[PDB]
file coords-v6.cif (mmCIF, C-alpha atoms and all ligand atoms)
data_coords
#
loop_
_atom_site.label_atom_id
_atom_site.label_comp_id
_atom_site.auth_asym_id
_atom_site.auth_seq_id
_atom_site.Cartn_x
_atom_site.Cartn_y
_atom_site.Cartn_z
CA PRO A 1 5.91 15.38 2.98
CA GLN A 2 7.05 18.95 3.22
CA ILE A 3 9.95 19.10 5.68
CA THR A 4 10.93 22.37 7.27
CA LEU A 5 14.45 22.95 8.54
CA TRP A 6 14.03 24.30 12.05
CA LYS A 7 15.32 20.91 13.23
CA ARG A 8 17.64 18.43 11.49
CA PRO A 9 15.72 16.58 8.74
CA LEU A 10 16.06 13.11 10.26
CA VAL A 11 14.03 10.19 9.00
CA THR A 12 13.90 6.42 9.44
CA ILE A 13 15.61 4.30 6.86
CA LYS A 14 15.57 0.51 6.45
CA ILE A 15 18.71 -1.16 5.13
CA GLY A 16 19.84 -4.75 5.54
CA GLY A 17 16.55 -5.45 7.43
CA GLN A 18 17.57 -2.86 10.02
CA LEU A 19 15.95 0.45 10.94
CA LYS A 20 18.32 3.42 11.30
CA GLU A 21 17.99 7.19 11.61
CA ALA A 22 19.48 9.24 8.78
CA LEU A 23 19.78 12.87 7.69
CA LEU A 24 18.30 14.08 4.42
CA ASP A 25 21.22 16.08 3.05
CA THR A 26 21.07 18.18 -0.08
CA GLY A 27 24.70 19.18 0.47
CA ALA A 28 25.96 15.59 0.20
CA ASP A 29 26.76 14.08 -3.16
CA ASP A 30 26.76 10.56 -1.71
CA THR A 31 25.00 8.43 0.91
CA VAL A 32 27.16 7.41 3.85
CA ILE A 33 26.05 4.94 6.52
CA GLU A 34 27.76 3.78 9.67
CA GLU A 35 29.56 0.49 9.80
CA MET A 36 27.25 -2.42 9.03
CA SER A 37 27.26 -5.63 7.00
CA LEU A 38 26.08 -5.46 3.41
CA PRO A 39 26.14 -8.20 0.83
CA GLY A 40 28.48 -8.49 -2.08
CA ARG A 41 31.80 -6.94 -3.08
CA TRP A 42 32.84 -3.41 -2.35
CA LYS A 43 35.12 -0.87 -4.05
CA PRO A 44 37.31 1.81 -2.53
CA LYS A 45 36.33 5.45 -2.26
CA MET A 46 37.74 8.50 -0.49
CA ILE A 47 35.23 11.19 0.49
CA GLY A 48 35.89 14.61 1.86
CA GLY A 49 34.08 17.11 3.86
CA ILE A 50 34.37 19.69 6.46
CA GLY A 51 37.20 18.13 8.60
CA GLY A 52 39.08 16.33 5.84
CA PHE A 53 39.01 12.95 4.14
CA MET A 54 37.55 9.53 5.02
CA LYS A 55 38.06 6.13 3.36
CA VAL A 56 34.82 4.21 2.88
CA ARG A 57 33.54 0.99 1.34
CA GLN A 58 31.37 1.51 -1.72
CA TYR A 59 28.53 -0.98 -2.18
CA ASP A 60 26.41 -0.70 -5.28
CA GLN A 61 22.79 -1.58 -5.92
CA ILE A 62 21.72 -1.78 -2.29
CA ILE A 63 18.01 -1.85 -1.43
CA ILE A 64 17.15 0.92 1.05
CA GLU A 65 13.86 2.39 2.24
CA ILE A 66 13.93 6.14 3.10
CA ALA A 67 10.94 7.53 5.03
CA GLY A 68 8.84 4.80 3.44
CA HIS A 69 10.15 5.40 -0.12
CA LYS A 70 12.10 2.60 -1.85
CA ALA A 71 15.49 3.26 -3.40
CA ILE A 72 18.14 0.89 -4.82
CA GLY A 73 21.58 2.45 -5.19
CA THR A 74 25.07 3.14 -3.94
CA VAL A 75 25.75 3.20 -0.26
CA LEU A 76 29.10 4.14 1.23
CA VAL A 77 29.92 2.49 4.54
CA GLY A 78 32.38 3.93 7.00
CA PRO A 79 32.88 5.60 10.32
CA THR A 80 30.56 8.51 9.73
CA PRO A 81 29.17 10.31 12.82
CA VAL A 82 25.68 10.57 11.22
CA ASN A 83 23.98 8.46 8.58
CA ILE A 84 23.59 10.74 5.56
CA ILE A 85 21.19 10.34 2.67
CA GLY A 86 22.77 12.28 -0.16
CA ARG A 87 21.62 13.39 -3.53
CA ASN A 88 22.21 10.01 -5.23
CA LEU A 89 19.25 8.62 -3.23
CA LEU A 90 17.30 11.88 -2.67
CA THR A 91 16.77 11.94 -6.39
CA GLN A 92 15.37 8.37 -6.27
CA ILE A 93 12.73 9.41 -3.76
CA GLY A 94 11.80 12.50 -5.76
CA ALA A 95 13.04 15.13 -3.32
CA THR A 96 13.35 18.81 -4.19
CA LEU A 97 14.21 22.02 -2.34
CA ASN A 98 11.55 24.69 -2.49
CA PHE A 99 11.32 28.35 -1.37
CA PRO B 1 11.70 28.27 -6.94
CA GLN B 2 11.94 24.53 -7.00
CA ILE B 3 15.46 23.10 -7.11
CA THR B 4 16.05 19.52 -8.18
CA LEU B 5 18.96 17.51 -6.81
CA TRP B 6 20.55 15.99 -9.91
CA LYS B 7 23.34 18.46 -9.43
CA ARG B 8 24.65 20.35 -6.40
CA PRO B 9 22.08 23.02 -5.38
CA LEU B 10 24.36 26.05 -5.84
CA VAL B 11 23.00 29.58 -5.71
CA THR B 12 24.41 33.13 -5.68
CA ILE B 13 24.67 34.87 -2.37
CA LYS B 14 25.70 38.40 -1.40
CA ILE B 15 27.65 38.71 1.77
CA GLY B 16 29.93 41.48 2.98
CA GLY B 17 29.40 43.35 -0.26
CA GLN B 18 30.69 40.32 -2.22
CA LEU B 19 28.94 37.91 -4.58
CA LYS B 20 29.76 34.24 -4.00
CA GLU B 21 28.39 30.85 -4.98
CA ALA B 22 27.08 28.69 -2.15
CA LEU B 23 25.52 25.28 -1.58
CA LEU B 24 21.99 25.00 -0.11
CA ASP B 25 22.81 22.42 2.53
CA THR B 26 19.99 20.76 4.53
CA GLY B 27 22.54 18.53 6.25
CA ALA B 28 24.44 21.47 7.73
CA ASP B 29 23.43 23.03 11.01
CA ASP B 30 25.54 26.12 10.22
CA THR B 31 26.43 28.48 7.42
CA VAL B 32 30.15 28.33 6.57
CA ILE B 33 31.87 30.71 4.15
CA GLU B 34 35.42 30.67 2.80
CA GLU B 35 37.92 33.08 4.24
CA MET B 36 36.85 36.73 3.90
CA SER B 37 36.62 39.77 6.11
CA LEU B 38 33.35 40.63 7.81
CA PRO B 39 32.61 43.61 10.05
CA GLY B 40 32.14 43.44 13.74
CA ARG B 41 33.20 41.09 16.43
CA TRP B 42 33.90 37.39 16.14
CA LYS B 43 34.79 34.44 18.33
CA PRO B 44 36.48 31.11 17.60
CA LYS B 45 34.49 27.93 17.10
CA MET B 46 35.10 24.27 16.20
CA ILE B 47 32.60 22.63 13.87
CA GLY B 48 32.31 18.98 12.99
CA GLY B 49 31.61 17.08 9.82
CA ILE B 50 32.89 14.14 7.89
CA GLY B 51 36.52 13.98 8.54
CA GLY B 52 36.67 15.64 11.92
CA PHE B 53 36.58 19.27 12.94
CA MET B 54 37.41 22.66 11.40
CA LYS B 55 38.31 25.82 13.31
CA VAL B 56 36.28 28.83 12.18
CA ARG B 57 35.48 32.42 13.16
CA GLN B 58 31.87 33.01 14.26
CA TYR B 59 30.29 36.36 13.26
CA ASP B 60 26.76 37.08 14.54
CA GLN B 61 24.03 39.25 13.05
CA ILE B 62 25.32 39.10 9.51
CA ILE B 63 22.97 39.92 6.69
CA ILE B 64 23.11 37.74 3.66
CA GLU B 65 21.05 37.68 0.49
CA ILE B 66 20.47 34.14 -0.74
CA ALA B 67 19.11 33.79 -4.20
CA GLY B 68 17.43 37.16 -3.75
CA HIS B 69 16.02 36.46 -0.28
CA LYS B 70 17.37 38.57 2.60
CA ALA B 71 18.15 36.85 5.90
CA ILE B 72 20.21 37.56 8.96
CA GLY B 73 22.05 35.19 11.22
CA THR B 74 25.32 33.74 12.34
CA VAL B 75 27.96 33.16 9.67
CA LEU B 76 31.08 31.05 10.24
CA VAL B 77 34.22 31.87 8.27
CA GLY B 78 37.00 29.34 7.65
CA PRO B 79 38.98 27.29 5.19
CA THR B 80 36.02 25.52 3.60
CA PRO B 81 36.45 24.50 -0.01
CA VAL B 82 32.72 25.14 -0.61
CA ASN B 83 30.50 27.93 0.80
CA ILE B 84 27.51 26.30 2.54
CA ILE B 85 24.15 27.79 3.50
CA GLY B 86 22.99 25.71 6.41
CA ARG B 87 19.68 25.38 8.20
CA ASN B 88 20.11 28.52 10.32
CA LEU B 89 19.63 30.61 7.20
CA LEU B 90 17.59 28.16 5.06
CA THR B 91 14.74 28.49 7.54
CA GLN B 92 14.73 32.27 7.12
CA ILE B 93 14.15 32.07 3.39
CA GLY B 94 11.34 29.53 3.89
CA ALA B 95 13.18 26.58 2.32
CA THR B 96 11.63 23.15 2.62
CA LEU B 97 12.47 19.65 1.40
CA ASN B 98 9.57 18.07 -0.45
CA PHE B 99 8.93 14.50 -1.62
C1 LIG A 101 28.84 13.42 3.56
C2 LIG A 101 29.81 13.76 2.42
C3 LIG A 101 29.44 12.90 1.19
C4 LIG A 101 31.30 13.53 2.77
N1 LIG A 101 29.65 15.18 2.03
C5 LIG A 101 29.94 16.24 2.86
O1 LIG A 101 30.29 16.13 4.02
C6 LIG A 101 29.76 17.60 2.19
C7 LIG A 101 31.19 18.15 1.96
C8 LIG A 101 31.11 19.51 1.25
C9 LIG A 101 32.56 20.09 1.06
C10 LIG A 101 33.18 20.47 2.45
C11 LIG A 101 32.32 21.53 3.11
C12 LIG A 101 30.94 20.90 3.41
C13 LIG A 101 30.27 20.48 2.11
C14 LIG A 101 28.91 19.82 2.38
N2 LIG A 101 29.06 18.51 3.06
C15 LIG A 101 27.69 18.00 3.38
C16 LIG A 101 27.16 18.62 4.66
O2 LIG A 101 25.71 18.62 4.70
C17 LIG A 101 27.71 17.92 5.91
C18 LIG A 101 27.13 16.51 6.10
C19 LIG A 101 27.34 15.93 7.47
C20 LIG A 101 26.35 16.01 8.43
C21 LIG A 101 26.50 15.47 9.67
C22 LIG A 101 27.71 14.87 10.01
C23 LIG A 101 28.72 14.79 9.06
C24 LIG A 101 28.57 15.32 7.80
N3 LIG A 101 27.43 18.77 7.05
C25 LIG A 101 28.41 19.29 7.78
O3 LIG A 101 29.66 19.16 7.60
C26 LIG A 101 27.89 20.08 8.99
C27 LIG A 101 28.78 21.34 9.18
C28 LIG A 101 28.18 22.13 10.34
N4 LIG A 101 28.80 21.90 11.53
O4 LIG A 101 27.20 22.81 10.15
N5 LIG A 101 27.84 19.20 10.13
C29 LIG A 101 26.75 19.11 10.88
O5 LIG A 101 25.71 19.80 10.71
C30 LIG A 101 26.86 18.07 11.96
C31 LIG A 101 25.72 17.73 12.70
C32 LIG A 101 25.86 16.72 13.66
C33 LIG A 101 27.13 16.15 13.88
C34 LIG A 101 27.40 15.18 14.89
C35 LIG A 101 28.67 14.68 15.06
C36 LIG A 101 29.76 15.12 14.29
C37 LIG A 101 29.53 16.02 13.28
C38 LIG A 101 28.24 16.59 13.10
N6 LIG A 101 28.07 17.54 12.15
CL CL A 102 23.28 5.56 -6.58
CL CL A 103 21.66 32.06 13.26
CL CL A 104 8.17 27.81 8.40
#
call {"tool": "encode", "arguments": {"input": "coords-v6.cif", "output": "structure tokens"}}
result
Amino acid sequence: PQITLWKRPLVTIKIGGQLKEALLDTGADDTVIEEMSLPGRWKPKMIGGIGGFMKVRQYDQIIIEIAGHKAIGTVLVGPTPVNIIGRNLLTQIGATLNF
Amino acid sequence: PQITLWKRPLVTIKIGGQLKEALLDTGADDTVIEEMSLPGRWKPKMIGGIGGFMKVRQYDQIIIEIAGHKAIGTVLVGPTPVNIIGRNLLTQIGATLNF
């Protein structure tokens, strides 16, 4: 699709069998999803943005569908206010910015 | 132009007579620039992101050139470590996300 930006670019994702809403975010390096159960071991990560830092759980090699497009990659889990699809997965779905 | 997302989508902007680097940020509602003076009136605002909230100054009707494309809108000024061009100005330059 071609997504304009008059509204937030929210899409459906599927992760852990579950549908969620998430924001397609070119400003985010990483993908951050609200607290949920994911399989396997996790590693620590500290992320930062506009109001400071957040500790998250880093899970690697997670299967995730984004607006119908399949990705397999790193998902950070933590108390984020919005599920964010960052560039690590935007690149897997072939997304670009155009003007 | 078409901008891929392997790296942060940074572009040159001109604001307040100054050249700066800024991030094209589809996940940001607002445009937020590091501390600088701008003409005219302003009012305080609190904006949210990962980590909580940041206090900023809100300046309206500010012209900005973004990668060569003129736009006008609200610009927030505060202690951001990265200048961000959010949707309020991305729309004005005709930016879309494509996949
Ligand atoms: C997600 C993470 C990997 C931590 N990356 C970032 O957060 C980087 C950090 C960079 C350095 C600091 C300055 C911002 C830039 C860009 N951000 C990405 C950037 O796209 C970021 C992602 C985001 C969206 C929604 C909620 C939280 C976080 N957006 C923002 O910080 C913008 C700022 C604004 N008010 O316009 N936030 C929002 O547009 C926004 C929208 C809805 C919300 C609901 C509840 C609480 C907060 C909400 N914030
Ligand atoms: Cl990844
Ligand atoms: Cl505006
Ligand atoms: Cl349009």
call {"tool": "closest_residue", "arguments": {"input": "coords-v6.cif", "among": "A:47, A:97, A:62, A:67", "to": "ligand CL 102 (chain A)", "atoms": "all atoms listed in the file"}}
result
A:62
call {"tool": "residues_near_ligand", "arguments": {"input": "coords-v6.cif", "ligand": "ligand LIG 101 (chain A)", "cutoff": "9 Å", "atoms": "only C-alpha atoms and all ligand atoms", "output": "number ranges by chain"}}
result
A: 8, 23-32, 46-54, 76, 80-86; B: 23-32, 46-54, 80-87
call {"tool": "calpha_fit_and_write", "arguments": {"input": "coords-v6.cif", "fixed": "chain B", "moving": "chain A", "output": "PDB file with C-alpha atoms, keeping the file's coordinate frame"}}
result
ATOM      1  CA  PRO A   1      11.816  28.045  -6.727  1.00  0.00           C
ATOM      2  CA  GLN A   2      11.623  24.294  -6.690  1.00  0.00           C
ATOM      3  CA  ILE A   3      15.171  22.928  -6.860  1.00  0.00           C
ATOM      4  CA  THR A   4      15.792  19.373  -7.935  1.00  0.00           C
ATOM      5  CA  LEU A   5      18.912  17.519  -6.853  1.00  0.00           C
ATOM      6  CA  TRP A   6      20.336  16.033 -10.029  1.00  0.00           C
ATOM      7  CA  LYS A   7      23.089  18.653  -9.714  1.00  0.00           C
ATOM      8  CA  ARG A   8      24.487  20.379  -6.611  1.00  0.00           C
ATOM      9  CA  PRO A   9      22.015  23.039  -5.392  1.00  0.00           C
ATOM     10  CA  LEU A  10      24.322  26.017  -5.912  1.00  0.00           C
ATOM     11  CA  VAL A  11      23.038  29.562  -5.782  1.00  0.00           C
ATOM     12  CA  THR A  12      24.440  33.091  -5.706  1.00  0.00           C
ATOM     13  CA  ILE A  13      24.765  34.771  -2.368  1.00  0.00           C
ATOM     14  CA  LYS A  14      25.714  38.376  -1.571  1.00  0.00           C
ATOM     15  CA  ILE A  15      27.696  39.025   1.598  1.00  0.00           C
ATOM     16  CA  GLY A  16      29.925  41.966   2.443  1.00  0.00           C
ATOM     17  CA  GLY A  17      28.956  43.528  -0.949  1.00  0.00           C
ATOM     18  CA  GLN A  18      30.443  40.493  -2.691  1.00  0.00           C
ATOM     19  CA  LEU A  19      28.773  37.840  -4.836  1.00  0.00           C
ATOM     20  CA  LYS A  20      29.731  34.228  -4.063  1.00  0.00           C
ATOM     21  CA  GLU A  21      28.461  30.776  -5.005  1.00  0.00           C
ATOM     22  CA  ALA A  22      27.121  28.649  -2.156  1.00  0.00           C
ATOM     23  CA  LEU A  23      25.486  25.262  -1.602  1.00  0.00           C
ATOM     24  CA  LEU A  24      22.016  24.963  -0.113  1.00  0.00           C
ATOM     25  CA  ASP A  25      22.617  22.253   2.476  1.00  0.00           C
ATOM     26  CA  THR A  26      19.899  20.661   4.550  1.00  0.00           C
ATOM     27  CA  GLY A  27      22.518  18.451   6.205  1.00  0.00           C
ATOM     28  CA  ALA A  28      24.421  21.419   7.660  1.00  0.00           C
ATOM     29  CA  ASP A  29      23.415  22.913  10.972  1.00  0.00           C
ATOM     30  CA  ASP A  30      25.451  26.060  10.305  1.00  0.00           C
ATOM     31  CA  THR A  31      26.494  28.373   7.466  1.00  0.00           C
ATOM     32  CA  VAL A  32      30.187  28.300   6.625  1.00  0.00           C
ATOM     33  CA  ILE A  33      31.838  30.709   4.189  1.00  0.00           C
ATOM     34  CA  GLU A  34      35.383  30.897   2.928  1.00  0.00           C
ATOM     35  CA  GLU A  35      37.823  33.362   4.360  1.00  0.00           C
ATOM     36  CA  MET A  36      36.636  36.941   3.936  1.00  0.00           C
ATOM     37  CA  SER A  37      36.434  40.154   5.951  1.00  0.00           C
ATOM     38  CA  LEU A  38      33.320  40.761   8.011  1.00  0.00           C
ATOM     39  CA  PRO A  39      32.663  43.574  10.424  1.00  0.00           C
ATOM     40  CA  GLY A  40      32.643  43.363  14.163  1.00  0.00           C
ATOM     41  CA  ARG A  41      33.905  40.902  16.767  1.00  0.00           C
ATOM     42  CA  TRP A  42      33.955  37.172  16.365  1.00  0.00           C
ATOM     43  CA  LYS A  43      33.719  34.206  18.749  1.00  0.00           C
ATOM     44  CA  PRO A  44      35.357  30.805  18.545  1.00  0.00           C
ATOM     45  CA  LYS A  45      33.638  27.696  17.255  1.00  0.00           C
ATOM     46  CA  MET A  46      34.750  24.185  16.331  1.00  0.00           C
ATOM     47  CA  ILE A  47      32.680  22.405  13.677  1.00  0.00           C
ATOM     48  CA  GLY A  48      32.887  18.839  12.558  1.00  0.00           C
ATOM     49  CA  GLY A  49      32.009  16.897   9.561  1.00  0.00           C
ATOM     50  CA  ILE A  50      32.982  14.115   7.367  1.00  0.00           C
ATOM     51  CA  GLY A  51      36.837  14.406   7.631  1.00  0.00           C
ATOM     52  CA  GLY A  52      37.070  15.748  11.172  1.00  0.00           C
ATOM     53  CA  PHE A  53      37.070  19.113  12.903  1.00  0.00           C
ATOM     54  CA  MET A  54      37.675  22.714  11.777  1.00  0.00           C
ATOM     55  CA  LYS A  55      38.122  25.899  13.834  1.00  0.00           C
ATOM     56  CA  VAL A  56      36.125  28.832  12.484  1.00  0.00           C
ATOM     57  CA  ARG A  57      35.303  32.436  13.330  1.00  0.00           C
ATOM     58  CA  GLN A  58      31.691  32.992  14.325  1.00  0.00           C
ATOM     59  CA  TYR A  59      30.178  36.323  13.279  1.00  0.00           C
ATOM     60  CA  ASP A  60      26.656  37.091  14.367  1.00  0.00           C
ATOM     61  CA  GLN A  61      23.950  39.194  12.773  1.00  0.00           C
ATOM     62  CA  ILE A  62      25.484  39.365   9.311  1.00  0.00           C
ATOM     63  CA  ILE A  63      23.375  40.584   6.383  1.00  0.00           C
ATOM     64  CA  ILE A  64      23.387  38.021   3.556  1.00  0.00           C
ATOM     65  CA  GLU A  65      21.282  37.624   0.423  1.00  0.00           C
ATOM     66  CA  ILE A  66      20.645  33.999  -0.701  1.00  0.00           C
ATOM     67  CA  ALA A  67      19.238  33.499  -4.218  1.00  0.00           C
ATOM     68  CA  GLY A  68      17.637  36.924  -3.898  1.00  0.00           C
ATOM     69  CA  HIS A  69      16.189  36.292  -0.398  1.00  0.00           C
ATOM     70  CA  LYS A  70      17.431  38.440   2.514  1.00  0.00           C
ATOM     71  CA  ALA A  71      18.694  36.846   5.707  1.00  0.00           C
ATOM     72  CA  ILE A  72      20.490  38.325   8.747  1.00  0.00           C
ATOM     73  CA  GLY A  73      22.223  35.750  10.931  1.00  0.00           C
ATOM     74  CA  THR A  74      25.274  33.805  11.995  1.00  0.00           C
ATOM     75  CA  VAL A  75      28.010  33.141   9.529  1.00  0.00           C
ATOM     76  CA  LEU A  76      31.026  30.984  10.288  1.00  0.00           C
ATOM     77  CA  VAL A  77      34.190  31.912   8.422  1.00  0.00           C
ATOM     78  CA  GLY A  78      37.004  29.485   7.814  1.00  0.00           C
ATOM     79  CA  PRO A  79      38.866  27.410   5.306  1.00  0.00           C
ATOM     80  CA  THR A  80      35.893  25.523   3.965  1.00  0.00           C
ATOM     81  CA  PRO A  81      36.216  23.983   0.466  1.00  0.00           C
ATOM     82  CA  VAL A  82      32.641  25.074  -0.451  1.00  0.00           C
ATOM     83  CA  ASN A  83      30.480  27.893   0.851  1.00  0.00           C
ATOM     84  CA  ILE A  84      27.598  26.201   2.670  1.00  0.00           C
ATOM     85  CA  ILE A  85      24.225  27.678   3.513  1.00  0.00           C
ATOM     86  CA  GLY A  86      22.985  25.625   6.431  1.00  0.00           C
ATOM     87  CA  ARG A  87      19.723  25.319   8.213  1.00  0.00           C
ATOM     88  CA  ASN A  88      20.196  28.463  10.347  1.00  0.00           C
ATOM     89  CA  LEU A  89      19.756  30.549   7.162  1.00  0.00           C
ATOM     90  CA  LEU A  90      17.643  28.091   5.103  1.00  0.00           C
ATOM     91  CA  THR A  91      14.951  28.598   7.675  1.00  0.00           C
ATOM     92  CA  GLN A  92      15.180  32.398   7.199  1.00  0.00           C
ATOM     93  CA  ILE A  93      14.495  32.048   3.489  1.00  0.00           C
ATOM     94  CA  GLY A  94      11.592  29.673   4.074  1.00  0.00           C
ATOM     95  CA  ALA A  95      13.131  26.542   2.579  1.00  0.00           C
ATOM     96  CA  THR A  96      11.622  23.082   2.961  1.00  0.00           C
ATOM     97  CA  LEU A  97      12.337  19.596   1.617  1.00  0.00           C
ATOM     98  CA  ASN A  98       9.469  18.002  -0.243  1.00  0.00           C
ATOM     99  CA  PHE A  99       8.806  14.536  -1.742  1.00  0.00           C
TER     100      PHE A  99
END
call {"tool": "residues_near_ligand", "arguments": {"input": "coords-v6.cif", "ligand": "ligand CL 104 (chain A)", "cutoff": "8 Å", "atoms": "only C-alpha atoms and all ligand atoms", "output": "MDAnalysis selection string"}}
result
(chainID A and resid 4:6) or (chainID B and resid 91 94:95)
call {"tool": "write_last_selection", "arguments": {"input": "coords-v6.cif", "atoms": "C-alpha atoms", "output": "compact mmCIF listing (two decimals), in the frame of the given file"}}
result
# COMPACT_ATOMS: atom_id res chain seq x y z
CA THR A 4 10.93 22.37 7.27
CA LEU A 5 14.45 22.95 8.54
CA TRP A 6 14.03 24.30 12.05
CA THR B 91 14.74 28.49 7.54
CA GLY B 94 11.34 29.53 3.89
CA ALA B 95 13.18 26.58 2.32
call {"tool": "residues_near_ligand", "arguments": {"input": "coords-v6.cif", "ligand": "ligand CL 102 (chain A)", "cutoff": "9 Å", "atoms": "only C-alpha atoms and all ligand atoms", "output": "list in words"}}
result
residues 30, 31, 60, 61, 62, 71, 72, 73, 74, 75, 87, 88, 89 and 92 of chain A
call {"tool": "closest_residue", "arguments": {"input": "coords-v6.cif", "among": "B:20, B:7, B:43, B:70", "to": "chain A", "atoms": "only C-alpha atoms"}}
result
B:7
call {"tool": "closest_residue", "arguments": {"input": "coords-v6.cif", "among": "B:96, B:64, B:78, B:17", "to": "ligand CL 103 (chain A)", "atoms": "all atoms listed in the file"}}
result
B:64
call {"tool": "atom_distance", "arguments": {"input": "coords-v6.cif", "atom1": "atom CA of residue 11 of chain B", "atom2": "atom CA of residue 56 of chain B"}}
result
22.3 Å
call {"tool": "atom_distance", "arguments": {"input": "coords-v6.cif", "atom1": "atom CA of residue 2 of chain A", "atom2": "atom CA of residue 99 of chain A"}}
result
11.3 Å
call {"tool": "atom_distance", "arguments": {"input": "coords-v6.cif", "atom1": "atom CA of residue 40 of chain A", "atom2": "atom CA of residue 79 of chain A"}}
result
19.3 Å
call {"tool": "closest_residue", "arguments": {"input": "coords-v6.cif", "among": "B:77, B:63, B:19, B:36", "to": "ligand CL 103 (chain A)", "atoms": "only C-alpha atoms and all ligand atoms"}}
result
B:63
call {"tool": "closest_residue", "arguments": {"input": "coords-v6.cif", "among": "A:34, A:39, A:16, A:57", "to": "chain B", "atoms": "all atoms listed in the file"}}
result
A:34
call {"tool": "closest_residue", "arguments": {"input": "coords-v6.cif", "among": "A:22, A:38, A:3, A:68", "to": "chain B", "atoms": "all atoms listed in the file"}}
result
A:3
call {"tool": "decode", "arguments": {"input": "coords-v6.cif", "residues": "segment 14-30 of chain A", "atoms": "N, CA and C atoms", "output": "CSV table (one decimal), in the first residue's frame"}}
result
chain,number,residue,atom,x,y,z
A,14,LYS,N,0.2,-9.6,13.8
A,14,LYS,CA,-0.1,-10.9,14.4
A,14,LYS,C,1.2,-11.5,15.0
A,15,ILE,N,1.2,-11.7,16.3
A,15,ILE,CA,2.4,-12.1,17.0
A,15,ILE,C,2.0,-13.0,18.1
A,16,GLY,N,2.6,-14.2,18.3
A,16,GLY,CA,2.2,-15.1,19.3
A,16,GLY,C,0.7,-15.6,19.1
A,17,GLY,N,0.2,-15.6,17.9
A,17,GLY,CA,-1.2,-16.0,17.6
A,17,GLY,C,-2.2,-14.9,17.8
A,18,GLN,N,-1.7,-13.8,18.3
A,18,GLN,CA,-2.6,-12.7,18.7
A,18,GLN,C,-2.6,-11.6,17.7
A,19,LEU,N,-3.7,-11.0,17.5
A,19,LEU,CA,-3.8,-9.7,16.7
A,19,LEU,C,-3.6,-8.5,17.6
A,20,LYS,N,-2.8,-7.6,17.2
A,20,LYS,CA,-2.6,-6.3,17.9
A,20,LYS,C,-2.5,-5.2,16.9
A,21,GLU,N,-2.7,-4.0,17.3
A,21,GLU,CA,-2.5,-2.8,16.5
A,21,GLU,C,-1.2,-2.2,16.8
A,22,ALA,N,-0.5,-1.8,15.7
A,22,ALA,CA,0.9,-1.2,15.9
A,22,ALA,C,1.1,-0.1,14.9
A,23,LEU,N,2.0,0.7,15.3
A,23,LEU,CA,2.4,2.0,14.5
A,23,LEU,C,3.6,1.7,13.7
A,24,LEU,N,3.5,2.0,12.4
A,24,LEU,CA,4.6,1.9,11.5
A,24,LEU,C,5.5,3.1,11.7
A,25,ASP,N,6.7,3.0,12.2
A,25,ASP,CA,7.5,4.1,12.7
A,25,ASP,C,8.9,4.2,12.2
A,26,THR,N,9.1,5.0,11.1
A,26,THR,CA,10.4,5.2,10.6
A,26,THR,C,11.4,5.9,11.5
A,27,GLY,N,10.9,6.5,12.6
A,27,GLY,CA,11.8,7.1,13.6
A,27,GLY,C,12.3,6.2,14.6
A,28,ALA,N,11.8,5.0,14.7
A,28,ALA,CA,12.2,4.0,15.6
A,28,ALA,C,13.2,3.0,15.1
A,29,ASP,N,14.4,2.8,15.8
A,29,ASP,CA,15.3,1.9,15.4
A,29,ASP,C,14.8,0.4,15.5
A,30,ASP,N,14.0,0.2,16.6
A,30,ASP,CA,13.7,-1.1,17.1
A,30,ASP,C,12.1,-1.2,17.2
